[PDB]
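Take a look at this one chain, the form deposited in one PDB entry, written out in C-alpha cells.
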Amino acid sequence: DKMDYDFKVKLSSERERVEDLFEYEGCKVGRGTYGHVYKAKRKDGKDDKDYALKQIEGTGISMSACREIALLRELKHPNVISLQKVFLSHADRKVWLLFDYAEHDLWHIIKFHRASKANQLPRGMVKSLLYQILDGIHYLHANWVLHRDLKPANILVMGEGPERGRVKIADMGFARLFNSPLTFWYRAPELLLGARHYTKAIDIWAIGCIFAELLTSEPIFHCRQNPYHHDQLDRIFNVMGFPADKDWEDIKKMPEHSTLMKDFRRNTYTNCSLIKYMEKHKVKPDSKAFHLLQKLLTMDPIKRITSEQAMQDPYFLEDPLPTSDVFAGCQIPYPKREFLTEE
C-alpha cells in the first residue's frame, strides 16, 4: 500500500527468522514479567553451544524494551551479559533477544549449599564471585548506568565451556520513569525511607547484602512477604543497630524520617551490631572480609564505599587471590537448568 514493493519483498527474503536459525521448542527455561527465555542451539550447527533466547513480553517496542536494546548494544565487558543478536518478527510484532547461555546463578548456588547443610568449597569462590560482581558494576557505573535491582537471581555464573565459572551480571533496571522508584531484602535504607532517585550507592548496598549471603548462606536482611516498609527496617536495625545522628546526618532530610521516629526507638536495638551478627554465623570481625563488608553495608549512602575503592581493598590481595574461574578448575556440583514444559 504505502511502501515500495521491491524494497519490502527484498527485506522479507533476506530477513533472518528465529524459528529457522535456532532450535528451541520445549527448551523453555524461564518465564516471568520480562517474557519467555529458552535454552537454544543453532539449527545450522556452526557454533554448537548453548544460547539464551528471550522473547520480550507484549507487542511492539516498549520504552523498557527500547532502552534495554539501546544500552546492551553499546555495553561490552566480560562480567556483563552480552546481547549477541536481535530478531524482529514483523507479523506478530514480537522482539527476540539472543544472549550467551549461563547454566547457573547465585540464587540456585546459595540455595544448593543451604539445602546441602541440612539434607563455597574452593576457598576463594566467595572472593572471586565478589570481585567479578564489583568489576562488572564498576563498568556500568563508569558509563553512568545503574543496575537498580541487584540480587542473587540477577548474578549469573557460566557453566562448562570457554568462559567456565565467569560471573555475568543480568537484568539491569533499564527503564524507570524519570529515574525514580516513585522482596525488599537487597534495598538500601534510603529507598525504604523514600529516596526520590536511584544512585550508585544503592547498587553497592545490594552487593554488600549478596556478600553477606555468600559468607553465611542466608539472606542477611531476611523478612516476610509503597516506599516505606516497617518490618524490613526492623530487620535492618536488628542486624546493624539503629543509626546515630553522627552516623547519618542527612537522615532528617528523608521524606519518611518522621514516620521512622514515630514507629522506632534507639533503645530497642541497643545490643545490635554487624560485628555481633557475623560472629553468630562464624565470621571473624578481625578478618579483611568483615571490614570490607562493613564499608559496603554502611547506613548513610554518602559514607558507603564505591565499587572502584572496593576493588582496591586489601582483602583482594590476601591469600587466596581471586580467580577468573570462580570454581578454580574444580568439578561443578550444581545441577543444570530444568525445562519448563507447562505453558
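Each residue number is its position in the shown sequence, starting from 1. For clarity, a rigid core is taken as the largest C-alpha set superposing within 1.5 Å between two forms.
- Of the other structures of this protein that model both sides of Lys117, a third or more give it no coordinates.
- Compared with other PDB entries of the same protein, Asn226 is missing from at least a third of those that resolve the residues around it.
- According to the record, the deposited sequence contains 10 or more residues between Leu182 and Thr183 that were left without coordinates.
- Comparing 306-314 with 60-68, the stretch with the higher mean C-alpha B-factor in the PDB entry is 60-68.
- The question of which stretch, 202-210 or 269-277, has the higher mean Cα B factor is settled in favour of 269-277.
- When the C-alpha B factors of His229, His138, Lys151, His147 are read from the deposited coordinates, the top value falls at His229.
- Annotation for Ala175: C-alpha temperature factor in the highest third relative to the rest of the modelled chain, per the entry.
- Ranked by Cα temperature factor within the chain, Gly124 sits in the highest third according to the deposited record.
- Among the modelled residues of the chain, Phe112 sits in the highest third by CA temperature factor in this PDB entry.
- In the PDB entry, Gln225 places in the highest third of its chain by CA B-factor.
- Ranked against the other modelled residues of its chain, the C-alpha B-factor of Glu218 as given in the entry falls in the highest third.
The form deposited in another entry exists for this protein as well; it is not shown, and the discussion that follows is about that form.
- Once the rigid core is used as the reference frame, the Cα position of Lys303 differs between this form and the one not shown by less than 2 Å.
- The Cα shift for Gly32 between this form and the one not shown, taken after rigid core superposition, is 2 angstroms or larger.
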